[PDB]
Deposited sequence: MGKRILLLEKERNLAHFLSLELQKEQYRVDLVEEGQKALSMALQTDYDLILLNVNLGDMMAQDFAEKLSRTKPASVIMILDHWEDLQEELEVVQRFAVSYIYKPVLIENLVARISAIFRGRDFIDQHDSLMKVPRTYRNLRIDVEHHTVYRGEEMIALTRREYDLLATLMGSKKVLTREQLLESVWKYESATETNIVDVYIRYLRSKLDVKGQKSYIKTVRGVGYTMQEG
């Protein structure tokens, strides 16, 4: 059912991951170059794109930016060595739904992919202040400009906007990282990223930190 685009620079690992993911009944398209991966992701809606930090002909960050122009909520996961991921950690957190270290254990990869899919599917209010949300296409517009929220950022905004009450970090973790089974610090990171996308200098932020409680949407 679900469709995976896979670009892995280690050939034997690429072949192993392709075969093992197909045993889970995923359709897997293996590609060797970033330019080809981008052309395919532009024409097909993949449920997961699994890449290294560097695709060879371009960085994953560059791939993700180019894809985001038309598919901003694309679901990208990064598999790489610890050193390579940590060298690009802030960048990766800002475009990738998740990351996983080499050497990979296949049972762990399979479990994490399943959780990511189920957290998106469960998720899958149309205005707030100057924002308009297109829930069918997972797109957000602040005025006549598209705001290129990532999948995680979109899911976080939808959770905040869908709740009349203030939400704790633990509630936001359970909604936006559903099925992934504990550290709420990640919520604070993605709140920071989301504010960076939505907020206008000299306006009140779109997100209020509520003392002793959590986060909620904020009026102008």
| query | finding |
| --- | --- |
| Deposited residues absent from the coordinates (by C-alpha) | 1, 126-133, 191 |
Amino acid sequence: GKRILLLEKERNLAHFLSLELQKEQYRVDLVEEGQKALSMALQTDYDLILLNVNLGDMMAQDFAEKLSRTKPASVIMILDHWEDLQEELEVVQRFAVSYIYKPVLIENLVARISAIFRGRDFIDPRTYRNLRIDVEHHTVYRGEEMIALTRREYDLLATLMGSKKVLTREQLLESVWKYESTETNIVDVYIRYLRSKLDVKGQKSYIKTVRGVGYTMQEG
From here on, numbers count along this sequence of modelled residues.
{"property": "Mean C-alpha temperature factor, higher of 85-93 and 133-141", "result": "133-141"}
{"property": "Of 194-202 and 11-19, the stretch whose C-alpha atoms average the higher B-factor in the entry", "result": "11-19"}
{"property": "Most elevated Cα B-factor in the entry, residues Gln43, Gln61, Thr168, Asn52", "result": "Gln43"}
{"property": "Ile100 by Cα B-factor - lowest, middle or highest third of the modelled chain", "result": "lowest"}
{"property": "Lowest, middle or highest third - CA B-factor, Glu180", "result": "highest"}
{"property": "Chain thirds of CA B-factor: placement of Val31", "result": "highest"}
{"property": "Chain thirds of CA B-factor: placement of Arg69", "result": "highest"}
{"property": "Position of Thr150 among the chain's modelled residues by C-alpha B-factor, lowest, middle or highest third", "result": "lowest"}
